[PDB]
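What follows is one structure encoded as structure tokens, with my remarks underneath.
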Amino acid sequence: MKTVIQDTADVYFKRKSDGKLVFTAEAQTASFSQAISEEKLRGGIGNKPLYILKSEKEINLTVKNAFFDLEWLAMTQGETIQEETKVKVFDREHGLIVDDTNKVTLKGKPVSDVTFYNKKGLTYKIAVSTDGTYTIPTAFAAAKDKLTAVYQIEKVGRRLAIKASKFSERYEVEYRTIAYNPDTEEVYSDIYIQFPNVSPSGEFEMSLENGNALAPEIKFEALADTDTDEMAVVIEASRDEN
Amino acid sequence: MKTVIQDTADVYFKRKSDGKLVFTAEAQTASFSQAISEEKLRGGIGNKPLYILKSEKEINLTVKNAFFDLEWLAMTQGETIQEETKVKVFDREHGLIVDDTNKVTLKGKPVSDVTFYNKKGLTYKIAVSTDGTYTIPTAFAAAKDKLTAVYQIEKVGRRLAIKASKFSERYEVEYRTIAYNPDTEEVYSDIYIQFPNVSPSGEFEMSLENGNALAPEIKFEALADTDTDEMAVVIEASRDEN
Amino acid sequence: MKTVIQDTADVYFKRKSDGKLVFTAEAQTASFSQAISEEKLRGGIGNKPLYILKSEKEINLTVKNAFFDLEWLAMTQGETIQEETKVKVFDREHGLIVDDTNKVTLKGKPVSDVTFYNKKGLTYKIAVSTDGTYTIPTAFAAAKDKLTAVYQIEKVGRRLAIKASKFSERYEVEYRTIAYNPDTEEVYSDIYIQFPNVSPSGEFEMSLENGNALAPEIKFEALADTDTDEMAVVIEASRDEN
Amino acid sequence: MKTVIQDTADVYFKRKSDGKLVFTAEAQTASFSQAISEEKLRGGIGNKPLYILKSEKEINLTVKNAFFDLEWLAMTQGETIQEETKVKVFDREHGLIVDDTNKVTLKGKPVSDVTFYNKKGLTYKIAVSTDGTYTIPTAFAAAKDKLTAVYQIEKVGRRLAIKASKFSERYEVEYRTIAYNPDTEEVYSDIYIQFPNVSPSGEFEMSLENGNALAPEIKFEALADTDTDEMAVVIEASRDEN
Amino acid sequence: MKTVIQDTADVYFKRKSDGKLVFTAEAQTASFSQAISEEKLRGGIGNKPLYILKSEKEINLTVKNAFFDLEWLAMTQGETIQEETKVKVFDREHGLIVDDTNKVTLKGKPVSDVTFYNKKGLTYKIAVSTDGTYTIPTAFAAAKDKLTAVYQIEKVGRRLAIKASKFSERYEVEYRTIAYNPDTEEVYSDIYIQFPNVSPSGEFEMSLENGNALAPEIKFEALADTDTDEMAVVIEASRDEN
Amino acid sequence: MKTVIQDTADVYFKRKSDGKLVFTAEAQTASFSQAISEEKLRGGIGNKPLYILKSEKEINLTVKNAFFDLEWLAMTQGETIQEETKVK
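Written out as structure tokens, the structure is:
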């Protein structure tokens, strides 16, 4: 039937070897495209086409989401997320006042050398102290002198590593959307597009801009199924015949 | 006669091998273009042209519709559509509450091992139970914990397969529009443009964007008729000569 | 005299073989351009230009109209319009109600197999019936079931054929426009740009879009005259001296 | 001295061979530009620039006017305007009523075959009538059938011919503008830019569109003076020292 | 120290050979840019980057002013302005009324042949009259008809010549800007970017458009210093330590 | 015949799917308006009109009543009214 489509799709990815399944229900774009290589074989006295050679049926996929998820980066890199891993990160402390005896007390847990910044953008790298007391020289600051300390601390959280030699596995993807009825303006059917053998593409970009909500985007390349030699399947199951 | 054209065309595709007929009457763009290869011969004292060599007349077609139709994808792929085929698709159930004896009961028809998602984005893959009752570990949820289950179900619907080695067959296209009369502002004639031997082009793209109405588009390449050596026929039939 | 030009040109084309004359007085753009190939001959100490070599003087024409005319397509293809020719076109009837005995009566004159479309976009290709009575199967429709029939009919009208190995002949073109007087704001003369020997160009494009008035456009390539070696003759004839 | 320039330039062209002088006082743009070719000669350990080779100093000019002059086209083509030359142009008149005895009387001075157009866009090419009476066939028109006649007439006017093997000779150009005073707001100086040996470029384009005032444009290439080796001279003459 | 820059730079150029000093304090843009050539050397098993080769550090400069100055053109051309030089320019006289005895008297000082223009754009070139009386033929003008005269006059003023075999020599450029304090909103320091050894680039363009203020622009290429090998020296001297 | 109108209208809405009928007889304004899209074709020497392109006939209605009625909100929302429901 001639139907009207006016929405995007819910996307499901499944890994082949393991079966780990990812779904996105807050997508903003789901697209796929097909390209093909054509050539004409000419000849004869009139120099007219005698044959058409066609090959290289290629399909590409693109998905753009509305929220952020680390598993997308996992899929792109073909890696695994290790939960509850200890990490070394940076931290900043503003407003340390140098006391009368020129000593500053830190209220954090440094792991490496602490670097101090005065109001004129000058640095002083002092090693870590036990009690958390640092003797700031007279040439650096005086009484009632707000300063800054930049030190490394310890945290725990999920860690994903990007290596220079590990690539992606093979996946199975499906888009799902709905199709309306022009005459009656009610939902007519559900449309499923299934790709049974795809390869994630390693090209991606993440740009953080102030005041801009980040929308990550991923791409895939579809390949022919090993057994059935299928690249995609389009299904338009109705909501009355199920 | 000099007439005014201000409308689109109703398109009638038709396969040649069997005569299967497709028609669209809600089009949004119907266009065709012609290209040719030219060269100049030069010689003598002065480098003046002596001949113009012309060859390789080519014609292309483009159609853009307002509704969706699986038959267009079938036409591009040169494949048939199976009716009432059983397919395995994905489904989602939200809001399962884990009871006092950590039992979760599904109200669907699982076919493959279910996957459970807690509120912190963690997965648990468990095989399908007989009574649809699953024992969620206490490390996953305890009580009053909305969970999500993603499982595969079965449905009946139409099916079109895109294969890596199957290509398109030949068709016969024809547009149809009306031409107005500048003096009297009444329909003067009907204009039919008939292409008797075309080949659908495998290049196509389907992009689903939220809030945007999908308008599919197809392309064709016109070839000379086998016997008459025609490539296109333009006909203007008045409404008084019938 | 220094004059102001603010209008388009009335265009006259004339075939050289037989004198067949076409004119357009509702033009929308008339332009012509000249190109030339130049190079520098250098040498000596300092690498200074010693000569300039010029050749390859070319002129092109472009005309864009406001109405539609099959004669322009005839000029581009170098063919002839064969008026009052019988043609085979498509037609469609909506609303055929299947009666109690499952018979549908057509109100047109089919020439080929009729194709029936039910409410769910399914096809049934039946042959031609003498009495115009068709027996629709029970699996296709029932009582009070509006159906659609697509069949081929016969018409008569002007036929133009586009051939894969037929090109255009030579022509003679002339523009005409008026020039004003910047002091008196009154018409002063008429400019008659004349091209003695042009050749139509095969490039062409027709694009039908809903809500858009079609404006066809044709292009020409000017060539040197056979004897006088002219390529354009700009004439500014005053209307007080004729 | 630091001044402000906010206008175009009055332009003067002079031919070298005979001294024919053209001037434009209603220009809309007068520009000139210089280009040069530079290369770096490197070597040694570290690959550092050892020398710079620069040559091929080129200068180009562009002038865009607000009115139309045939002398500009003559200058570009390097030709001469012939005054009071007899020419054969096209003319057309609408509304010839076919009388009771199917005779149409022309009110012009045809020179070649007259072509008649009925209201249905059909042509009839009749020869020249001595008295100017033409017997239109009854199959072509009847009583009260307004027709159209297209025929060639004779006029006199200025003729400029464009040949395929004739080019432009050398010229001498000068721009003049005025420069204000930032402090006193009054005119301070006259700026003269003189080019003593230029060659008009053969590239030009003339496009006529409805409702658009035509502004012709011309280009030149400046060349070194044959004895002084000057490409341009900039003169800044005050209005108090003259 | 983190500061805010929100202005342009006062620019100073100095010639190296003699110390001729030019400055501009009315600028609209002062920019410099750096480019470098990079390449990766790979090898081994896995095709991993083994080394990075970097070379060809290049720095470019661009300055855009708000007023006009012949000194900038001299700097680009590497020439000198010869002040108080006698020159021969063009002049125009409108409104010459031909008297009863067809004599026209000029009010200027011609040096070459005077060219007369009638109201219909026709020219007549006559030699220089001793008393400034010219006998216009009766075929050109009769009485109470205003004509136009174009003749060359003599003036004195500055003169910059552009030759085909003269280029620019080395200079020394310096910008100056001020920086603000984000906390106090008061001027904090002055920034003096210094280039010790640059080379003017002979690629400029001067375009005069009606109603458009002219802003000239110049470019430079910075080169390494002979001894210290420096290419630029950014300095951020403060306004309280100086 | 040339007649004088000096009053409002009684309005009768009616659904098509089921035939549910709503009527108002205390209206205060009943209006309808028509709009259309026009354009001109131009060409030749003189830039004279050659055709008027017309399309997109559109009609809108507005009704303003004097009393309150929940069925009007139901009509706007395309929703049904449940009777005797317990609410907090």
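Residue numbers (the entry's author numbering), protein chains in the order written: chain O, 1 to 242; chain N, 1 to 242; chain S, 1 to 242; chain R, 1 to 242; chain Q, 1 to 242; chain B, 1 to 88. Cβ atoms here follow ideal geometry from the backbone N, Cα and C, with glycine treated the same way.
So who's on the other strand from residue i, going by DSSP bridges?
i	result
residue 247 (chain N)	For chain N, the structure presents residues 1 to 242; residue 247 (chain N) sits outside this window and is missing.
residue 238 (chain O)	O:189
residue 7 (chain Q)	Answer is none; residue 7 (chain Q) lacks a bridge partner.
residue 43 (chain O)	O:48
residue 200 (chain S)	S:220
residue 147 (chain R)	R:96
residue 125 (chain N)	N:115
residue 14 (chain Q)	Q:21, Q:172
residue 38 (chain B)	B:54
residue 141 (chain O)	DSSP output for residue 141 (chain O) lists no bridge partner at all.
residue 232 (chain N)	S:162
residue 153 (chain N)	N:89
Measuring CA to CA, which of the options is closest to residue i?
i	options	result
residue 105 (chain Q)	Q:86, Q:123, Q:90, Q:133	Q:133
residue 195 (chain Q)	Q:217, Q:89, Q:212, Q:61	Q:61
residue 67 (chain N)	N:25, N:40, N:126	N:25
residue 237 (chain N)	S:51, S:53, S:82	S:82
residue 58 (chain O)	O:223, O:233, O:234, O:240	O:223
residue 48 (chain O)	N:229, N:6, N:241	N:229
residue 235 (chain S)	R:157, R:186, R:10, R:19	R:157
residue 245 (chain S)	R:218, R:231, R:239, R:233	The structure shown does not extend to residue 245 (chain S), since chain S is modelled only from 1 through 242, so no value can be given for it.
residue 12 (chain B)	B:21, B:29, B:84, B:45	B:21
residue 1 (chain R)	R:191, R:225, R:231, R:210	R:191
residue 226 (chain R)	S:33, S:50, S:202	S:50
residue 113 (chain Q)	Q:153, Q:138, Q:98, Q:139	Q:153
residue 197 (chain S)	R:162, R:181, R:220, R:202	R:162
residue 204 (chain R)	R:56, R:96, R:76	R:76
residue 56 (chain Q)	R:43, R:65, R:56	R:43
residue 29 (chain O)	O:38, O:17, O:6, O:19	O:6
residue 221 (chain S)	N:135, N:14, N:4, N:40	N:40
residue 168 (chain N)	O:151, O:139, O:23, O:54	O:54
Please look up how many angstroms separate the CB atoms of residue i and residue j, rounded, as I've assumed it's under 8 Å.
i	j	result
residue 90 (chain N)	residue 176 (chain O)	7 Å
residue 208 (chain S)	residue 8 (chain N)	5 Å
residue 115 (chain N)	residue 149 (chain N)	7 Å
residue 88 (chain O)	residue 111 (chain O)	7 Å
residue 165 (chain Q)	residue 46 (chain S)	6 Å
residue 252 (chain Q)	residue 72 (chain Q)	No statement about residue 252 (chain Q) is possible, as the shown extent of chain Q runs from 1 to 242 and does not include it.
residue 170 (chain O)	residue 129 (chain O)	Their Cβ separation, rounded to whole angstroms, is 54 Å, which puts residue 170 (chain O) and residue 129 (chain O) out of contact at 8 Å.
Using a Cβ cut-off of 7 Å, pull out every chain A residue sitting near residue i, in sequence order please.
i	result
residue 155 (chain Q)	The question asks about chain A, but that chain is absent: this structure's protein chains are O, N, S, R, Q and B.
Measuring from the CB of residue i, is there a heavy atom of the ligand FAD at a distance below 7 Å?
i	result
residue 230 (chain R)	As presented, the structure is devoid of all ligands, the ligand FAD included, so that no description of it is given.
Open item on the list: Give me the subset of the stretch 122-149 of chain R whose CB atoms are less than 7 Å from a CB atom of chain N, sorted by chain position.
Closed with: Going along the stretch 122-149 of chain R in chain order, one finds no residue with a Cβ nearer than 7 Å to chain N.
Task: Ordered list of beta strand (DSSP E) runs contained in the stretch 45-108 of chain N, each at least 3 residues - done: If we require 3 residues or more, the beta strand (DSSP E) runs fully inside the stretch 45-108 of chain N come out as 48-65, 82-97, 103-105.
- [ ] May I have a chain-ordered list of the beta strand (DSSP E) segments no shorter than 3 residues that lie completely inside the stretch 155-189 of chain N?
- [x] 171-180
Open item on the list: Please list, in chain order, the residues of the stretch 205-235 of chain R that have any C-beta partner in chain S closer than 8 Å.
Closed with: 205, 206, 207, 208, 209, 210, 211, 212, 213, 214, 223, 224
Open item on the list: What are the residues in the stretch 160-171 of chain R lying within 8 Å of chain N by C-beta distance?
Closed with: 164, 165
Open item on the list: Taking beta-carbon pairs under 7 Å, can you tell me which members of the stretch 1-13 of chain O lie near chain S?
Closed with: Going along the stretch 1-13 of chain O in chain order, one finds 1, 2 with a Cβ nearer than 7 Å to chain S.
Task: Residues, ordered as in the chain, of the stretch 179-199 of chain S that lie near chain R by beta-carbon distance below 9 Å - done: 179, 182, 189, 190, 191, 192, 193, 194
Open item on the list: Under 7 Å, CB to CB, which of the residues in the stretch 46-67 of chain S have a partner in chain Q?
Closed with: 46, 48
Task: Where the stretch 26-44 of chain N meets chain S: residues whose CB sits under 7 Å from a CB there - done: Listed by position along the chain: 28, 29, 30, 31, 32, 33, 34, 35, 36.
- [ ] Note down, in chain order, all residues in the stretch 79-103 of chain R with a beta-carbon under 7 Å from any beta-carbon belonging to chain S.
- [x] 87, 89, 90, 92
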